[PDB]
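This report refers to the structure that appears directly beneath it.
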Amino acid sequence: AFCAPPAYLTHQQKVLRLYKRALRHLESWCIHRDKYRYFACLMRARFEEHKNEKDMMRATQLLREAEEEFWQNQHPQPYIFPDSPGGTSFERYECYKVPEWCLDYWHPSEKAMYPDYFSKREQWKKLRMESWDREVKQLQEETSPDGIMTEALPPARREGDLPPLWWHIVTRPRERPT
Amino acid sequence: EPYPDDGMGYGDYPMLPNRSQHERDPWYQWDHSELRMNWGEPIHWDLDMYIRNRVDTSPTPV
Amino acid sequence: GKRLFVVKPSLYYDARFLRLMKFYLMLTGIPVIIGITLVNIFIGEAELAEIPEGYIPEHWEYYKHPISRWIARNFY
Amino acid sequence: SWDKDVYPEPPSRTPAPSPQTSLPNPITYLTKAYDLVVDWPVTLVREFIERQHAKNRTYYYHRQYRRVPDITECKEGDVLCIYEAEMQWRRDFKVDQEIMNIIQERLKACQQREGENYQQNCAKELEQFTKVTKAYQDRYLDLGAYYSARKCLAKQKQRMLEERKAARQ
Amino acid sequence: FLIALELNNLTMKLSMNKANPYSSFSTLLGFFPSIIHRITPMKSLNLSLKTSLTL
Amino acid sequence: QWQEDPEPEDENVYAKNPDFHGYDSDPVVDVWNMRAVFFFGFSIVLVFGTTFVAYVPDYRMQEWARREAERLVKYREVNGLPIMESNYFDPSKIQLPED
Amino acid sequence: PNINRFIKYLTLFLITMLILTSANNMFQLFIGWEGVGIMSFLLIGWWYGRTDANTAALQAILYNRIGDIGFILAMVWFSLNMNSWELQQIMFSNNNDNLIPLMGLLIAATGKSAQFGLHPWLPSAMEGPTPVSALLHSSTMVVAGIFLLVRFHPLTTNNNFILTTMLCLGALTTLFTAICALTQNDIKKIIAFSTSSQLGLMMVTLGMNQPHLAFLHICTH
Amino acid sequence: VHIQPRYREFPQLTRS
Amino acid sequence: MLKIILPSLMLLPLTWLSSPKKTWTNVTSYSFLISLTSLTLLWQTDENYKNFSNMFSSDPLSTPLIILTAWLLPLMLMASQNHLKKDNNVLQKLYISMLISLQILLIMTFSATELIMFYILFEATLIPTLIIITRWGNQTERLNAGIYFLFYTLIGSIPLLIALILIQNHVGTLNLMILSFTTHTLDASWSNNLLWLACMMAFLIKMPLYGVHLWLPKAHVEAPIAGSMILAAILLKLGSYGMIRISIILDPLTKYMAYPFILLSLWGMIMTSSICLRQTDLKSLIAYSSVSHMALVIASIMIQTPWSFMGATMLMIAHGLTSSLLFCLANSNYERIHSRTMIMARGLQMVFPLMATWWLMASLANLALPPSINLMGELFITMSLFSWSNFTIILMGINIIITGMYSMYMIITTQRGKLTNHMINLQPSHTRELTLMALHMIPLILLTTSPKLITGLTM
Amino acid sequence: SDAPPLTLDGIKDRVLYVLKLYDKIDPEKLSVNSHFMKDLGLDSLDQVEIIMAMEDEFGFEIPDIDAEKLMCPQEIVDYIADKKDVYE
Amino acid sequence: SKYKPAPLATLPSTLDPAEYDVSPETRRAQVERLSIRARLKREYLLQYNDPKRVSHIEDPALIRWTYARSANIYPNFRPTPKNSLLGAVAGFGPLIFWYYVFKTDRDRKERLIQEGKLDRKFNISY
Amino acid sequence: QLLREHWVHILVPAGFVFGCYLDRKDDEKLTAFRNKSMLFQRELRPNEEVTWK
Ligand SMILES: CCCCCCCCCCCCCCCCCC(=O)OC[C@H](COP(=O)([O-])OCC[N+](C)(C)C)OC(=O)CCCCCCCCCCCCCCCCC
Ligand SMILES: CCCCCCCCCCCCCCCCCC(=O)OC[C@H](COP(=O)(O)OCCN)OC(=O)CCCCCCCCCCCCCCCCC
Ligand SMILES: CCCCCCCCCCCCCCCCCC(=O)OC[C@H](COP(=O)(O)OCCN)OC(=O)CCCCCCCCCCCCCCCCC
Ligand SMILES: CCCCCCCCCCCCCCCCCC(=O)OC[C@H](COP(=O)(O)OCCN)OC(=O)CCCCCCCCCCCCCCCCC
């Protein structure tokens with residue numbers, strides 16, 4: 001979530017993802033903690049047995065066979081955390097995650113109901129005013145002349161400066177807004 | 001890749017693969033978060049059929 | 001304590017519209033509903049009677065409710 | 001205000017209470033409390049309302065229409081008596097609609113009153129309903145949205161001609 | 001009660017078993033939601049857009 | 001390029017008039033148009049007209065037809081007549097063709 | 001933030017369910033039917049920022065709508081053949097061929113009570129909050145089609161083909177829903193399939209000439 | 001009504 | 001009827017003589033008074049018809065349409081107040097004059113006792129809708145849409161004029177009551193068949209019938225809000241009223257010339273409901289929903305059952321109100337986001353709770369929620385269609401299922417779901433547009449409370 | 001009432017608790033800035049196991065790419081605080 | 001013991017064989033796709049985080065999709081025998097089918113009424 | 001000056017009065033069958049000269 005995906009997944013990353021998915025489906029099958037610990041140690045032993053491969057084409061074939069075995073022996077209902085996608089509490093509070101720009105449309109009486117918070121809100125808005133031009137200049141300067149670029153973004157490079165495109169990250173609504 | 005010239009009004013609109021929005025990565029901050037699509041990328045001809053409230057084409061365990 | 005701000009949309013305009021709608025509706029209807037209650041308590045409520053011989057009733061005299069009779073007499 | 005001549009109701013036959021048990025009846029206790037708390041103020045308010053009505057009492061009459069000449073004695077094209085006969089027919093059509101509503105309420109009241117004996121004790125109501133719906137189907141059925149005295153007369157004439165042809169043999 | 005108790009004790013027992021199509025059918029809702037909710041909306045909306053509106 | 005005015009951007013009308021009611025830019029005409037719509041829309045039309053419609057009597061003679069139906073059922077039941085005749089029109093006063 | 005909204009929605013659902021239960025004519029019972037269905041839609045899509053909740057509410061609406069089509073067929077047949085939607089004239093209609101309206105009422109009850117063919121809207125409807133799950137999908141709404149069949153049981157007793165297909169459908173749906181309930185992991189889904197299996201038991205009981213036993217099981221369940 | 005949360009031990013059960 | 005026609009006529013000098021800062025207020029208040037005055041036609045204490053003069057009359061069918069038009073005119077001014085705020089005073093007064101001309105000519109159209117006067121007022125009402133759509137429409141397709149609408153309607157209406165003149169020459173007066181009384185049966189010949197088609201196809205175009213319905217979606221999309229209201233809420237029902245008036249003198253051959261149009265209507269409401277499912281434009285979706293509802297009205301009017309005529313009447317009034325409300329909600333969203341895309345604005349339930357509530361009640365009226373007049377119309381049309389043929393219930397069921405699907409798809413993709421947080425130009429609500437939704441929705445509740453007013457001629 | 005809020009100190013204590021309970025990490029050399037390979041001597045499979053241990057304790061899923069980015073307990077604690085909006 | 005993909009159950013991106021035998025041209029294709037995705041994301045993020053913005057963000061992809069679905073169809077339609085036959089059957093075959101269904105039902109009902117075998121016992125609200 | 005400023009407010013009521021007047025003129029024009037309908041053919045009361053005006 002906080003890091004952008006690359007152009008492709010490396011073999012090492014795919015092996016780690018397969019290992020994590022296999023252990024999650026193993027806990028979904030095993031349920032009991034001692035049973036899962038036993039069979040997860042067995043799975044870790046299998047991965048360590050196939051760890052030291054140098055040809056790397058045999059390693060790719062082994063990865064393909066292993067994930068084929070995983071798709072054959074995957075749980076029909078694997079355990080999903082409630083906040084995870086496909087879970088029960090996933091996107092439950094998007095109806096309550098109101099974006100911050102409605103306070104610009106709030107009435108002066110409602111603004112007067114919260115004076116100090118609103119004063120801090122225009123302090124933050126003034127900081128955004130002052131930092132936007134500098135961070136646009138930084139983004140234009142740090143862009144490579146080549147067509148290669150990723151979705152990663154530079155940090156602030158000197159004192160009194162903010163990271164470019166920081167507003168939508170810093171001022172995002174809370175996952176427990178109420 | 002455009003649709004084949006069978007005279008059905010498609011023209012130069014690309015043949016995006018027939019994958020729904022469920023196969024898209026849900027851990028990514030898509031620009032259209034409900035649609036699981038970014039900004040400026042081409043939109044499937046059957047996006048309204050392939051939205052997450054609608055027909056799913058995801059892989060199944062069996 | 002440790003309470004946090006809750007970001008909400010501008011409910012002031014919706015509340016103001018609802019208040020104005022209710023105010024105008026009650027401002028016209030509470031006199032109307034009070035008048036209806038008073039008239040059904042007190043006057044009108046005409047009961048069915050046979051036509052006397054040689055008597056030609058008025059058209060509103062064929063109607064039951066006092067308000068209906070009044071409107072039929074004054075405007076029809 | 002209603003009369004048993006047009007809304008017939010058999011006299012109620014309730015049994016006398018014969019409580020074998022010694023426990024008090026909460027229904028009787030709550031009913032006595034219900035009268036003493038609710039029924040007396042409600043009937044007091046209604047008595048005040050009724051004496052106000054008697055202080056300001058008015059009368060209204062049920063309108064009656066004389067019989068205009070029927071469409072059979074009525075020349076075609078002469079739209080004056082055409083119109084008079086047609087509105088008389090429409091008035092009688094509405095009256096027959098309400099007669100049907102009266103018979104249907106009679107049948108429903110019979111069924112609810114009899115309950116489990118509705119298949120036997122509602123024979124008279126069902127027979128009256130069947131006769132009146134046969135008459136209604138003979139006089140008003142299949143006329144269409146633009147039903148009229150002329151269309152009703154044409155349907156009646158066709159039915160009479162069919163009956164006369166069937167009566168020859 | 002007794003059969004499900006001994007089955008739960010067998011799940012407590014330390015052995016993995018290969019899944020069978022009966023338990024796959026039972027866990028995967030009898031395949032009726034997946035099959036029907038994929039084939040009937042797809043045919044309905046495909047018929048709608050491809051034939052009705054467009055054609 | 002042909003001379004053309006730039007594309008206008010809609011402004012936040014609530015920024016200069018927080019009590020904006022949707023009708024006109026300045027506050028006085030806006031609030032008076034709001035009051036005129038409220039008073040002439042709900043107050044003297046949706047209530048006075050509703051009362052007038054509610055107290056239209058004998059609308060298409062449902063009540064009169066009910067009373068006449070009760071009278072005719074009473075008449076035909078105390079004199080033993082059929083409730084409805086099978087023929088609306090008297091057969092004696094109709095001259096059917098000979099064939 | 002919307003606890004009052006939730007409470008008002010539950011109260012409106014209760015009003016519509018009482019209208020549906022105590023209604024004398026089929027139009028008023030139909031008012032209760034769709035009021036209950038729409039408030040079910042809203043209470044399933046209570047967390048309206050959830051795409052899965054919106055999808056579950058939409059498919060609940062779809063299956064309840066197919067039930068509404070069956071109800072409309074039965075209602076129209078009874079209006080044409082008995083001039084009213086009044087249950088007294090229905091009781092007088094007990095002595096003829098009622099195959100088409102009984103088929104319509106059977107389709108309506110299948111849609112409302114989530115029998116086989118039209119079942120998965122209930123386990124999808126588990127997506128909403130737990131009090132919604134309980135009150136709507138556990139005790140009151142799901143037994144509305146069973147309640148309608150209990151209402152039309154004198155018509156049901158005179159048609160043997162209807163009784164046999166009710167019995168077969170109920171047995172099939174309670175078997176299938178118990179099979180589904182054996183291996184679920186979500187506790188709400190397990191007791192929801194329990195609800196559907198007990199509804200299949202009621203549907204079997206209505207396949208028999210035992211409507212009062214079905215209503216006793218309605219209250220018990 | 002409010003009770004102290006426990007990290008990995010058995011919770012303190014109230015009498016009621 | 002003159003006591004309603006004359007002050008609506010005098011609205012025009014009030015419009016052109018009022019101050020520019022008082023024109024909207026004065027015309028809106030006085031048009032509300034016009035609607036209040038037009039409510040007096042409901043005083044029908046007798047089975048007889050309100051024949052006011054030798055030229056104008058009121059009827060149990062004509063009265064709800066007149067009251068509906070007189071009610072929509074101030075609502076029309078309210079909806080047109082916002083998108084003309086940056087517009088010239090002369091053009092504003094001209095637009096108000098065009099709407100007032102619509103309202104006047106439609107009252108005369110519904111109250112006319114003569115079919116030739118009805119035809120004159122028919123395309124006399126066609127002209128200002130063309131002018132409104134063509135001048136105040138937004139996109140570049142408004143000119144094409146006006147051409148399509150005008151020429152479908154005029155190629156429909158020319159054989160109607162020839163049929164009317166032939167009927168006048170054959171009978172003698174073409175007066176509606178004289179025709180209704182001295183109606184003569186037809187010989188079921190080819191001339192009578194072609195005459196029937198000539199007097200039917202104009203109102204079938206104006207309905208619109210399926211196959212010839214293509215002018216409606218583009219006209220409704222490229223039209224302004226007042227044009228969308230006038231079309232979807234008055235003009236289709238005007239074609240409805242035309243068929244109901246003209247069908248009396250067409251016995252007996254309508255019983256078999258009804259066959260292709262009933263099939264076209266049933267399959268076309270199914271087709272257009274499917275298009276509503278797979279439609280990417282909100283105005284187009286509401287337009288195709290309107291096409292399906294008027295197809296139901298065609299089926300009822302052509303099967304010619306009294307219950308069907310009643311269901312057509314109640315569906316006329318109910319669909320006019322709920323379609324005007326739907327176009328108003330769509331136009332409010334369009335004035336917010338400056339776009340007509342169905343999927344672009346998603347999470348409006350968050351920012352606009354009361355407007356989402358109005359959306360919900362409008363959609364519930366659209367999908368025939370009980371005990372509304374919408375469902376009374378569709379249910380009685382269903383009953384009459386099943387009486388006509390028992391296999392119509394399959395098409396009715398498919399139509400009702402897809403109707404619920406497109407209404408809830410509207411609600412889900414326009415209100416529910418995550419909010420598009422990039423739309424920072426979302427003003428909270430105008431009291432004007434909230435009042436517009438309230439004035440659309442309250443008469444639906446009142447007519448639900450008392451449905452005897454819009455039953456029509458048959459009962 | 002229920003669900004007490006998290007704290008930076010509590011998150012750090014829980015993360016160090018799990019890392020101390022891990023057998024491959026001796027508690028005397030474990031610090032909040034200790035790197036998993038540079039001075040802890042683990043590997044990628046061990047890192048994935050540590051992430052799943054944090055995941056099982058805190059009852060929510062860290063996605064795969066961020067999980068592979070987290071490499072010392074300080075980064076793990078910072079990720080937990082950023083995800084659950086813990087600011088003190 | 002092999003998963004069979006479907007249009008409604010597609011092949012997984014880990015079960016497909018295309019990403020195990022990778023190629024340098026597929027790698028650079030993924031690189032260029034990420035480059036375009038990053039450029040579009042950077043443009044959208046700049047326009048989104050711009051404070052001087054006082055309106056929403058227009059989506060040219062959405063505008064293109066709406067134009068392709070709505071207005072491009074008739075300019076880009078050419079009559080072929082396949083779509084001619086498809087339009088003919090989809091615009092007529094249901095109509096003749098339901099015509100024959102309703103005609104047979106209505107003729108049977110009319111005949112049953114004419115010799116009186118059909119019974120309308122209480123049918124008065126037709 | 002109030003009559004000069006608000007003279008636009010009498011045009012619609014004047015049109016209403018004129019419309020009522022024209023309805024009255026049409027009503028007295030269509031009097032060819034007054035007290036001549038066979039449904040309402042009644043003998044005139046001595047205190048009246050017409051059944052309706
Ligand atoms: C919007 C729909 C457009 C297409 C359909 C148009 C209407 C089709 C049906 C009516 C026929 C045409 C209009 C005639 C109007 C008068 C009808 C009438 O009085 O009939 C009885 C009359 C007969 O009168 P009669 O009843 O006196 O017959 C004599 C009888 N005896 C001798 C016993 C006394 O029929 C006609 O005269 C019809 C002749 C029509 C010839 C001209 C047709 C031109 C083309 C018309 C359509 C053009 C537009 C569409 C083109 C294609 C677009 C894609
Ligand atoms: C808080 C303010 C309250 C004000 C009072 C209440 C509101 C106004 C009345 C509302 C009435 C709604 C129903 C309208 C029924 C109209 C009846 C009718 O036919 O009126 C025309 C009638 C013609 O006269 P005629 O046919 O000769 O009858 C004489 C008897 N044979 O001619 C007449 O009846 C004469 C004219 C009087 C009736 C006019 C009705 C039209 C609407 C007037 C609205 C006025 C609003 C004023 C608001 C002021 C605000 C400051
Ligand atoms: C022994 C005897 C046995 C007899 C057995 C008889 C079986 C009969 C079965 C009849 C009903 C079959 C069709 C049911 C369709 C249901 C479609 C539906 O709602 O699917 C839901 C689906 C998404 O939901 P899902 O996949 O469940 O969950 C995703 C969660 N992330 O997708 C969606 O949400 C898509 C949104 C809706 C799209 C439009 C759908 C329009 C459908 C129009 C249908 C018209 C014809 C209906 C005919 C009914 C006949 C009964
Ligand atoms: C006709 C074509 C229309 C086309 C569109 C027109 C749009 C513009 C509309 C302008 C206004 C026109 C209104 C038209 C509908 C009128 C509704 C109405 O009042 O109907 C009358 C009805 C009374 O019923 P009734 O007529 O007798 O018929 C039923 C029995 N057959 O009344 C009722 O049933 C109830 C009346 C409304 C509900 C009540 C509202 C006030 C409630 C106040 C409660 C106060 C608190 C409690 C007080 C103590 C109570 C004991």
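Just remember, in the structure tokens the first chain shown is A, the second B, etc., residues are 1-based per chain, and ligands are 1-based in the order shown.
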
Next on the checklist: Show me, as a list in words, the residues that have an atom within 6 Å of range 28-45 of chain G when counting only C-alpha atoms, minus same-chain residues fewer than 5 positions from it.
Outcome noted: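 My reading of the contact set: residues 13, 16, 17, 19, 20, 23, 53, 54, 57 and 128 of chain G; 370 and 371 of chain I.
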
Filtering to C-alpha atoms, could you give me those residues as a compact mmCIF listing (two decimals), in the first residue's frame?
```
# COMPACT_ATOMS: atom_id res chain seq x y z
CA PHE G 13 -38.70 -2.73 8.85
CA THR G 16 -43.55 -3.22 7.21
CA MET G 17 -43.26 -6.73 8.65
CA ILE G 19 -48.21 -4.87 7.84
CA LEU G 20 -47.20 -7.97 5.86
CA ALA G 23 -52.67 -7.69 6.30
CA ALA G 53 -22.37 -5.11 0.78
CA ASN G 54 -23.87 -3.25 -2.18
CA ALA G 57 -28.05 -6.06 -1.32
CA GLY G 128 -24.70 -6.52 6.84
CA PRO I 370 -46.24 -0.06 -3.11
CA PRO I 371 -48.65 1.56 -2.50
```

Restrict the calculation to only C-alpha atoms and all ligand atoms, then for each residue of chain C with any atom at most 12 Å from an atom of ligand 4 give the closest atom pair and their distance in Å to one decimal, rows by chain and rising residue number, as JSON lines.
```
{"residue": "C:22", "atom": "CA", "partner": "ligand 4", "partner_atom_place_in_ligand_line": "43 (C)", "distance": 11.9}
{"residue": "C:25", "atom": "CA", "partner": "ligand 4", "partner_atom_place_in_ligand_line": "41 (C)", "distance": 9.6}
{"residue": "C:26", "atom": "CA", "partner": "ligand 4", "partner_atom_place_in_ligand_line": "45 (C)", "distance": 9.0}
{"residue": "C:28", "atom": "CA", "partner": "ligand 4", "partner_atom_place_in_ligand_line": "41 (C)", "distance": 11.0}
{"residue": "C:29", "atom": "CA", "partner": "ligand 4", "partner_atom_place_in_ligand_line": "43 (C)", "distance": 7.6}
{"residue": "C:30", "atom": "CA", "partner": "ligand 4", "partner_atom_place_in_ligand_line": "45 (C)", "distance": 7.8}
{"residue": "C:31", "atom": "CA", "partner": "ligand 4", "partner_atom_place_in_ligand_line": "45 (C)", "distance": 11.0}
{"residue": "C:32", "atom": "CA", "partner": "ligand 4", "partner_atom_place_in_ligand_line": "43 (C)", "distance": 9.4}
{"residue": "C:33", "atom": "CA", "partner": "ligand 4", "partner_atom_place_in_ligand_line": "43 (C)", "distance": 6.9}
{"residue": "C:34", "atom": "CA", "partner": "ligand 4", "partner_atom_place_in_ligand_line": "48 (C)", "distance": 8.7}
{"residue": "C:35", "atom": "CA", "partner": "ligand 4", "partner_atom_place_in_ligand_line": "48 (C)", "distance": 11.5}
{"residue": "C:36", "atom": "CA", "partner": "ligand 4", "partner_atom_place_in_ligand_line": "49 (C)", "distance": 9.9}
{"residue": "C:37", "atom": "CA", "partner": "ligand 4", "partner_atom_place_in_ligand_line": "49 (C)", "distance": 8.2}
{"residue": "C:38", "atom": "CA", "partner": "ligand 4", "partner_atom_place_in_ligand_line": "49 (C)", "distance": 11.7}
{"residue": "C:40", "atom": "CA", "partner": "ligand 4", "partner_atom_place_in_ligand_line": "51 (C)", "distance": 11.5}
{"residue": "C:65", "atom": "CA", "partner": "ligand 4", "partner_atom_place_in_ligand_line": "27 (O)", "distance": 11.3}
{"residue": "C:68", "atom": "CA", "partner": "ligand 4", "partner_atom_place_in_ligand_line": "26 (O)", "distance": 12.0}
```

- Task: Would you please extract all alpha helix (DSSP H) residues from chain C, as assigned by DSSP on the backbone, and give them as JSON, numbers by chain?
- Result: {"C": [12, 13, 14, 15, 16, 17, 18, 19, 20, 21, 22, 23, 24, 25, 26, 27, 28, 29, 30, 31, 32, 33, 34, 35, 36, 37, 38, 39, 40, 41, 42, 66, 67, 68, 69, 70, 71, 72, 73, 74, 75]}

Nearby polymer residues, ligand 3, at most 7 Å, only C-alpha atoms and all ligand atoms, as number ranges by chain
B: 53-56; E: 33-34, 36-38, 40-41, 44-45; G: 52, 55-56, 58-59, 62, 66, 116-118, 124, 169; I: 277, 398, 401-402, 405

Pick out the residues no farther than 7 Å from ligand 2, counting only C-alpha atoms and all ligand atoms, and list them as JSON, numbers by chain. {"C": [74, 75, 76], "F": [44, 48, 49, 52], "I": [33, 36, 37, 39, 40], "L": [20, 24]}

task = Extract, using only C-alpha atoms, all DNA, RNA and protein residues at most 9 Å from residue 14 in chain F, discarding same-chain residues fewer than 4 positions from it, and format them as a PyMOL selection string.
result = (chain A and resi 105+107) or (chain F and resi 18-20) or (chain I and resi 427)

Any chance you could export the current selection's C-alpha atoms as a short mmCIF file (atom, residue, chain, number, x, y, z; two decimals), in the first residue's frame?
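Result went into result-v9.cif, see below:
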```
data_model
loop_
_atom_site.label_atom_id
_atom_site.label_comp_id
_atom_site.auth_asym_id
_atom_site.auth_seq_id
_atom_site.Cartn_x
_atom_site.Cartn_y
_atom_site.Cartn_z
CA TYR A 105 -17.74 24.30 2.26
CA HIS A 107 -20.90 27.27 7.14
CA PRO F 18 -22.64 31.69 2.82
CA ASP F 19 -26.45 32.00 3.12
CA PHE F 20 -26.98 31.30 -0.59
CA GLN I 427 -21.37 22.65 -3.43
#
```

Please find the residues contacting ligand 1 at a distance of at most 6 Å between atoms, with only C-alpha atoms and all ligand atoms counted, and report them as a PDB file with C-alpha atoms, in the first residue's frame.
```
ATOM      1  CA  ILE I 155     -43.984  12.645 -40.371  1.00  0.00           C
ATOM      2  CA  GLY I 156     -46.198  11.070 -37.728  1.00  0.00           C
ATOM      3  CA  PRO I 159     -51.273  11.368 -41.843  1.00  0.00           C
ATOM      4  CA  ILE I 162     -55.282  13.763 -43.402  1.00  0.00           C
ATOM      5  CA  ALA I 163     -57.214  11.232 -41.298  1.00  0.00           C
ATOM      6  CA  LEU I 166     -61.331  12.707 -43.856  1.00  0.00           C
ATOM      7  CA  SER I 191     -59.212   2.061 -46.640  1.00  0.00           C
ATOM      8  CA  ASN I 192     -60.363   1.837 -43.025  1.00  0.00           C
ATOM      9  CA  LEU I 194     -54.992   2.689 -43.634  1.00  0.00           C
ATOM     10  CA  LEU I 195     -57.162   5.387 -42.017  1.00  0.00           C
ATOM     11  CA  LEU I 197     -52.911   3.613 -39.167  1.00  0.00           C
ATOM     12  CA  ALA I 198     -52.954   7.273 -40.241  1.00  0.00           C
ATOM     13  CA  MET I 201     -49.064   6.607 -35.971  1.00  0.00           C
TER      14      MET I 201
END
```

Got a sec: who's within 10 Å of residue 133 in chain G, counting only C-alpha atoms, leaving out chain neighbours fewer than 2 positions off, as a ChimeraX atom specification? /G:40,43-44,122-123,125-131,135-139,188,192

Quick one: write out the picked residues with C-alpha atoms as a PDB file, in the first residue's frame?
```pdb
ATOM      1  CA  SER G  40     -33.729  -5.334   3.803  1.00  0.00           C
ATOM      2  CA  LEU G  43     -29.980  -2.619   5.981  1.00  0.00           C
ATOM      3  CA  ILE G  44     -27.759  -5.009   4.007  1.00  0.00           C
ATOM      4  CA  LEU G 122     -29.474 -15.105   2.312  1.00  0.00           C
ATOM      5  CA  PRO G 123     -25.775 -16.036   2.914  1.00  0.00           C
ATOM      6  CA  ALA G 125     -27.265 -10.957   2.990  1.00  0.00           C
ATOM      7  CA  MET G 126     -25.144 -11.955   5.985  1.00  0.00           C
ATOM      8  CA  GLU G 127     -22.817  -9.148   4.852  1.00  0.00           C
ATOM      9  CA  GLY G 128     -24.702  -6.520   6.843  1.00  0.00           C
ATOM     10  CA  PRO G 129     -24.473  -5.878  10.581  1.00  0.00           C
ATOM     11  CA  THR G 130     -25.346  -8.607  13.056  1.00  0.00           C
ATOM     12  CA  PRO G 131     -28.624  -7.128  14.478  1.00  0.00           C
ATOM     13  CA  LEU G 135     -33.897  -9.602  13.002  1.00  0.00           C
ATOM     14  CA  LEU G 136     -34.168  -9.530   9.197  1.00  0.00           C
ATOM     15  CA  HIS G 137     -32.586 -12.742   8.001  1.00  0.00           C
ATOM     16  CA  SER G 138     -33.138 -14.985  11.002  1.00  0.00           C
ATOM     17  CA  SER G 139     -36.514 -14.529  12.603  1.00  0.00           C
ATOM     18  CA  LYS G 188     -22.703 -16.031  10.644  1.00  0.00           C
ATOM     19  CA  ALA G 192     -27.508 -18.510   8.196  1.00  0.00           C
TER      20      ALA G 192
END
```

Give me, as a compact mmCIF listing (two decimals) with N, CA and C atoms, in the first residue's frame, all polymer residues having an atom no more than 6 Å from range 304-316 of chain I, counting only C-alpha atoms and skipping those fewer than 6 positions away in the same chain.
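Below is the file that was written, result-v5.txt:
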```txt
# COMPACT_ATOMS: atom_id res chain seq x y z
N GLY D 144 -65.76 -3.22 -23.13
CA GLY D 144 -64.58 -2.45 -23.48
C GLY D 144 -64.47 -1.18 -22.66
N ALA D 145 -63.39 -0.44 -22.92
CA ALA D 145 -63.16 0.81 -22.20
C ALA D 145 -64.18 1.87 -22.58
N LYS I 237 -47.44 11.86 -22.60
CA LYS I 237 -48.80 11.74 -22.11
C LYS I 237 -49.78 12.48 -23.01
N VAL I 297 -47.87 1.94 -21.36
CA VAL I 297 -49.07 2.73 -21.66
C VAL I 297 -49.65 2.36 -23.02
N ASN I 374 -47.55 4.70 -9.13
CA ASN I 374 -46.72 4.00 -10.11
C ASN I 374 -47.06 2.52 -10.15
N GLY I 377 -50.60 1.77 -11.37
CA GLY I 377 -50.67 1.76 -12.82
C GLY I 377 -50.09 0.50 -13.43
N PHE I 380 -52.33 -2.68 -12.50
CA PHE I 380 -53.60 -2.77 -13.20
C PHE I 380 -53.39 -2.99 -14.70
N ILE I 381 -52.31 -2.44 -15.26
CA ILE I 381 -51.93 -2.76 -16.63
C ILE I 381 -51.57 -4.23 -16.74
N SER I 384 -54.88 -6.26 -16.68
CA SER I 384 -55.60 -6.18 -17.95
C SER I 384 -54.86 -6.92 -19.06
N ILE I 454 -57.00 10.39 -10.28
CA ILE I 454 -56.34 10.12 -11.55
C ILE I 454 -56.78 8.78 -12.14
N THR I 455 -57.97 8.30 -11.77
CA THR I 455 -58.44 7.03 -12.31
C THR I 455 -58.81 7.14 -13.79
N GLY I 456 -59.29 8.29 -14.22
CA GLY I 456 -59.60 8.50 -15.62
C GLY I 456 -61.08 8.36 -15.93
N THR I 458 -62.77 5.71 -17.27
CA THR I 458 -63.45 4.43 -17.15
C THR I 458 -64.01 4.22 -15.75
```
